[PDB]
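S.K.: Line by line, the protein sequences give chains E, Y, H, P, D, A, W, S and L.
Going by my numbering, 70 is the number at position 8 of the first sequence; the sequence numbering is gapless.
Going by my numbering, 87 is the number at position 25 of the second sequence; the sequence numbering is gapless.
Going by my numbering, 137 is the number at position 5 of the third sequence; the sequence numbering is gapless.
Going by my numbering, 22 is the number at position 36 of the fourth sequence; the sequence numbering is gapless.
Going by my numbering, 43 is the number at position 20 of the fifth sequence; the sequence numbering is gapless.
Going by my numbering, 254 is the number at position 95 of the sixth sequence; the sequence numbering is gapless.
Going by my numbering, 563 is the number at position 107 of the seventh sequence; the sequence numbering is gapless.
Going by my numbering, 130 is the number at position 95 of the eighth sequence; the sequence numbering is gapless.
Going by my numbering, 20 is the number at position 17 of the ninth sequence; the sequence numbering is gapless.
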Amino acid sequence: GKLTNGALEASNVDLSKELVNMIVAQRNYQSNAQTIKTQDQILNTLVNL
Amino acid sequence: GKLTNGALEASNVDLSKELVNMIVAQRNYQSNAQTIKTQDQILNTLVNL
Amino acid sequence: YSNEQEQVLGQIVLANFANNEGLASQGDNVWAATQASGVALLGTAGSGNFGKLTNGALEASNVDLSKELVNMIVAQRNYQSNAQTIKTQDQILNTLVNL
Amino acid sequence: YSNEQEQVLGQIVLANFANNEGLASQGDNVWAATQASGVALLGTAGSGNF
Amino acid sequence: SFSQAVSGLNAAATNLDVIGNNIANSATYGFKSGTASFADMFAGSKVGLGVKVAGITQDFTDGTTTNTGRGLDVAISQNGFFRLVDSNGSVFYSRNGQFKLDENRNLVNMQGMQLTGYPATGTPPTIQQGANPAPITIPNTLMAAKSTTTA
Amino acid sequence: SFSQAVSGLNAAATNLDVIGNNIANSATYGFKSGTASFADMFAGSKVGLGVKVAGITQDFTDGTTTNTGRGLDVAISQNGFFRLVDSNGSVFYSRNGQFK
Amino acid sequence: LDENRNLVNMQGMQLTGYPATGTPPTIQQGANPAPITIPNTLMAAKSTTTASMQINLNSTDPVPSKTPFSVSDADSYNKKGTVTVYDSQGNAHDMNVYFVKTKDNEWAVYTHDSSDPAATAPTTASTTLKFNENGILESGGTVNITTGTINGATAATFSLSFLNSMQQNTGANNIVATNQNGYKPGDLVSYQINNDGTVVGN
Amino acid sequence: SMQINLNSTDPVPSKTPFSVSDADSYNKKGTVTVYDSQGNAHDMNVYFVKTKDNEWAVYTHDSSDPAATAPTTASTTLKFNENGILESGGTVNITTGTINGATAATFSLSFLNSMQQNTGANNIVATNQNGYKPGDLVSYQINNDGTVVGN
Amino acid sequence: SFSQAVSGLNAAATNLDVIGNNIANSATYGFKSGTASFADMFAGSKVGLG
């Protein structure tokens, strides 16, 4: 490509699109933690027999 | 078409239309943000069971 | 044309259906006729059972944002109520297992 | 290309099975053909059952 | 026993998804909103087994007509559907009237689907309102002249 | 679920970017406005998976002609495009008539 | 509205109701309920069997000057009116009715079909309207009228009525009401459900 | 089958005899796409020409066959009664041409339920035919009544 | 909702542009003034969109 003097190529990170992905990944992480807690209770009810 | 010498063709951007479309677009964006908020609350409710 | 004469190249055909609710949307603002919607009845604008065509204009969506937001609020509340029901059944089952 | 002319290099093939549920998953978002799924039918996109 | 609560949660989720989709397609020329229709599923007993979504019904009410102006743009009033064909000959219908001419001078919408209609044939060409609908073309070929036969 | 609202937000953001590009280019000789065209994404189910940006359409309406008094300034009325060549021989087309 | 033109719910069960039978169709409540359907079946035409023309007359009108009658000459008659009737194929017959004042309170009315180019112009009175001491129509209010035969369609004969017509010191002769029970073929345009449950197709 | 509505007020065309190229030589033209034994599409053109009130000569032509003979004899005659109902001539056996050696199809074309009254203009109510082309399996489904149907 | 006010604003802007163009040609031999013609945009509902 061409070179433009006196100019800089800024980053390509869009904040909006990122924050939304942050929310979605937070929800996924919490769901996985919930699954961990479920398996923990499974092992608990088996142990306390 | 014919060529007119000594003059330039200006842009066809009408400012009032752009402003009204901007107002509509922002509101739409806020409505979609409210939708995301609602679904986030739904997922929080289901996780916190 | 440039010879002070015009030609007709075609006439846009319109389609009408017995069952509008039966058309299955395929995306890309496009509908496909299926068994429930019946066969498409073809015709021209302004004749028979067809509305005329407006030139230089586009038809916008019929989605009102206020009604959508209020319905979203109501549906969120209903979803939370159902989640409360699920929690109730969870507590009942936990009580029975702890016996 | 730069000579104001395009050239094709190949076409992506699509495979459809008689039994999708019979495919044996190999991991890495990858499936393998098995006897339960049957022999894969090859074709091009947008035609037939593709 | 979650038979009812799970179904209710699924129905609420479906309704919420429909509402969100309606919100998202708010600026889609040619879009019709949708509404979920619910039905109960009593089965033998009187306990009300749950709920189910009987379907999703469109709202085919005409939207506001906005004079974008671009000549090719055509808005449709009252009943009717624009008829298109894909590259494989399948027939589709759409209320979106945003058209453009492609490289082969074929009237297509944004997705490249070829707009169809009654073609014209003969000299002078006449609209073949009977001829099976065909894709509409706008050739740029120079128009021949007709020798004077009646004055 | 989340996908529909995400697609709606992306489409609204694209529309707002198109509007911002148009409004920042209000004073630009030979510039044509842009408009985002959206399409839905139904796939099998009737739930309406979401919306997508079908494309961005330019508006090639003849703008107002403004005089400047320069002999090398010429504007194309009605249809027509200036044909230009760069250093590499690649061809280009532009409605702007500011030449030096 | 499903593909077979029946009114069904979301699950497909057909709505039932009292059907319409006869011409003109009316709801016959003595029958058992049947599924409601809305066909596109074009509606056929009805040749006219009864027509009505209520008109008010002026007492001060002088008798026509240019005897005898000619349908061409305007000064040969006091009034001219037009009623559109329909034959077996729905073709339009434009009956022109001509009023000539003969004596006091006595008005000869002539009938001529203008849609048929080969029809002869009437030369003899079709009817003589007689008005009493004060407008009150006295006799001659009903006349049998036969159409011409146009384009091979059956000529429609009908009873044309002048009931409740009055003749007093009104400013001029102008038509008040014209009605007829015939219509031309029509295609389905819309359908609606009234608050009384009737399904009506326009 | 071709159900059509004809206007009783149409004047008889001046340009005798009927010519496919001459638009003034006929009253109405319609098209029906039939399929032969191999599956080639034949666009049969049906022409209605009014001769005398309550009489319509019907001609047929094959628009897909480049070697089809020019129609010189009226294919059939529709006669409508004084009430506008069709009385005789509503059915005729018609044979198409031969394209690339494919066997021509002989089918009964029926104008049943066709009516001639004072409509707006000549409009074709409906057209249908029971032939089709080769088809490949696209989808399968199980309906409400248990029948399995492949589309 | 928004479309009604958008149409009203566009009509007002068109009228303003027409008036400004007429004023700009106050001294233009052979020029004839222009006037915009407006019409409502009822569509199905009794609200009368724009």
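Every residue, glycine too, gets a C-beta built ideally from N, C-alpha and C.
Within its chain, find whatever has a CB closer than 8 Å to the CB of W/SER571; leave out the 5 residues flanking it on each side and keep chain order.
M.R.: Cβ within range, chain order: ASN547, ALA548, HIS549, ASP550, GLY604 and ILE606.
S.K.: How is Y/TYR91 classed by DSSP in three states: helix, strand or coil?
M.R.: Helix.
S.K.: What whole-angstrom Cβ distance do A/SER192 and Y/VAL86 have, given they're in contact under 8 Å?
M.R.: Contact flag wrong, Cβ pair sits at about 16 Å.
S.K.: On the DSSP bridge assignment, give the partners of W/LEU585 in chain order.
M.R.: In the DSSP output, where bridge partners are listed per residue, W/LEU585 has W/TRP563.
S.K.: In whole angstroms, give me the CA-to-CA distance for D/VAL70 and H/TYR211.
M.R.: If I take the Cα positions, the gap works out to 21 Å.
S.K.: Just verifying my parser: in three-state terms, what is the DSSP assignment at L/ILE22?
M.R.: Residue state, collapsed to three classes: helix.
S.K.: Can at least three beta-carbon pairs, one atom from the region 610 to 620 of chain W and one from the region 481 to 498 of chain W, be found at a separation below 8 Å?
M.R.: With the cut-off at 8 Å, the region 610 to 620 of chain W and the region 481 to 498 of chain W do not touch.
S.K.: Curious, which full-length alpha helix (DSSP H) runs of at least 4 residues does the region 40 to 75 of chain D contain?
M.R.: If we require 4 residues or more, the region 40 to 75 of chain D turns out to have no alpha helix (DSSP H) run fully inside it.
S.K.: Quick one: Cα of D/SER100 to Cα of H/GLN208, how far?
M.R.: Approximately 35 Å, taken between the alpha carbons.
S.K.: Report the residue ranges of all beta strand (DSSP E) runs contained in full by the region 478 to 560 of chain W; include only those spanning at least 3 residues, in chain order.
M.R.: Taking only runs of at least 3 residues, the beta strand (DSSP E) segments lying wholly in the region 478 to 560 of chain W are 506 to 514, 535 to 542 and 548 to 559.
S.K.: Suppose you measure from the CA of D/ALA62 to the CA of A/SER166; what does that come to, to the nearest Å?
M.R.: Going from the Cα of D/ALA62 to the Cα of A/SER166 covers about 29 Å.
S.K.: According to the neighbour-count rule (16 or more other Cβ atoms, all chains shown, within 10 Å of its Cβ), is D/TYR116 buried or exposed?
M.R.: Buried, by the Cβ-count rule.
S.K.: If you count every other CB in all the chains shown that lies within 10 Å of the CB of D/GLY140, and 16 or more means buried, which is it?
M.R.: Label assigned to D/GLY140: buried.
S.K.: Considering just the uninterrupted stretch of the beta strand (DSSP E) at S/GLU122, what are its terminal residues?
M.R.: S/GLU122 -> beta strand (DSSP E) spans 121 to 123.
S.K.: Does DSSP put S/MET150 in a helix, a strand or coil?
M.R.: In this structure, S/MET150 counts as strand in the three-state DSSP scheme.
S.K.: Could you spell out the range, first to last residue, of the beta strand (DSSP E) harbouring residue 176 of chain D?
M.R.: Here chain D has residues from 24 to 174 only, and residue 176 of chain D is not among them.
S.K.: Would you call S/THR154 buried or exposed, if buried means 16 or more other Cβ atoms sit within 10 Å of its Cβ?
M.R.: Looking at its Cβ environment, which holds 16 or more other Cβ atoms inside 10 Å, S/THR154 is buried.
S.K.: Which residues in chain A sit within 8 Å of residue 114 of chain E, going by Cβ to Cβ distance?
M.R.: Here chain E comprises residues numbered 63 to 111, so residue 114 of chain E is not present and cannot be evaluated.
S.K.: Anything in chain P within Cβ reach of S/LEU172, meaning under 7 Å, just list it in chain order.
M.R.: Correct list: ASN35.
S.K.: Where does A/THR225 fall in DSSP's three states?
M.R.: Of the three classes helix, strand and coil, the one that applies to A/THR225 here is strand, per DSSP.
S.K.: Using 7 Å as the threshold, is the C-beta distance between D/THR91 and D/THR58 below it?
M.R.: In this structure, D/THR58 does not lie closer than 7 Å to D/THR91 by Cβ.
S.K.: Quick check: what's the CA-CA separation for H/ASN230 versus E/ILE104?
M.R.: Each residue's Cα considered, the two are about 14 Å apart.
S.K.: Going by DSSP in three states, W/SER615 sits in which element: helix, strand or coil?
M.R.: In the structure shown, W/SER615 sits in a strand (DSSP, three-state: E or B).
S.K.: Would you call H/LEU174 buried or exposed, if buried means 16 or more other Cβ atoms sit within 10 Å of its Cβ?
M.R.: Buried: at least 16 other Cβ atoms inside 10 Å.
S.K.: Take the Cβ of H/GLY142 as the centre, count every other Cβ of all protein chains shown within 10 Å, and call the residue buried at 16 or more, exposed below.
M.R.: When all chains shown are included, H/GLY142 counts as buried.
S.K.: To the nearest angstrom, report how far apart H/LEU185 and W/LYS502 are at their CA atoms.
M.R.: Computed Cα separation, rounded: 33 Å.
S.K.: Going by the CB atoms, is the gap between H/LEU155 and D/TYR52 shorter than 7 Å?
M.R.: Going by C-beta atoms, D/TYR52 is not nearer than 7 Å to H/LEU155.
S.K.: Have a look at P/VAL(-6) and S/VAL69 and give me their C-alpha separation to the nearest angstrom.
M.R.: Cα to Cα, the separation comes out at about 38 Å.
S.K.: What residues from chain A crowd round Y/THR97, counting only those whose CB sits closer than 9 Å?
M.R.: Per Cβ cutoff of 9 Å: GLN163, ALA164, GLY167 and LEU168.
S.K.: For a test of the three-state rule: what should DSSP assign to H/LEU201, helix, strand or coil?
M.R.: If DSSP states are grouped into helix, strand and coil, H/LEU201 belongs with the helices.
S.K.: Does the beta carbon of Y/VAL109 come closer than 7 Å to any beta carbon on chain E?
M.R.: Interface residue, yes.
S.K.: Anyone know if the C-beta pair for W/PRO518 and W/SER532 falls short of 7 Å?
M.R.: Against a cut-off of 7 Å, the Cβ pair of W/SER532 and W/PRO518 comes out as no contact.
S.K.: Just to confirm, are residue 398 of chain W and W/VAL565 a CB contact at a threshold of 7 Å?
M.R.: Shown here, chain W extends from 457 to 658; a query on residue 398 of chain W therefore has no answer.
S.K.: What residues of chain D sit near H/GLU153, judged by a beta carbon separation below 8 Å?
M.R.: Simply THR80, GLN81 and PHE83.
S.K.: Have a look at the DSSP bridge pairing and note the partners of Y/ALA69.
M.R.: According to DSSP, Y/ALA69 bridges with A/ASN226.
S.K.: Out of W/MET622, W/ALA577, W/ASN600 and W/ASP458, state which residue places its alpha-carbon closest to the alpha-carbon of W/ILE494.
M.R.: Here the closest residue by C-alpha is W/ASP458.
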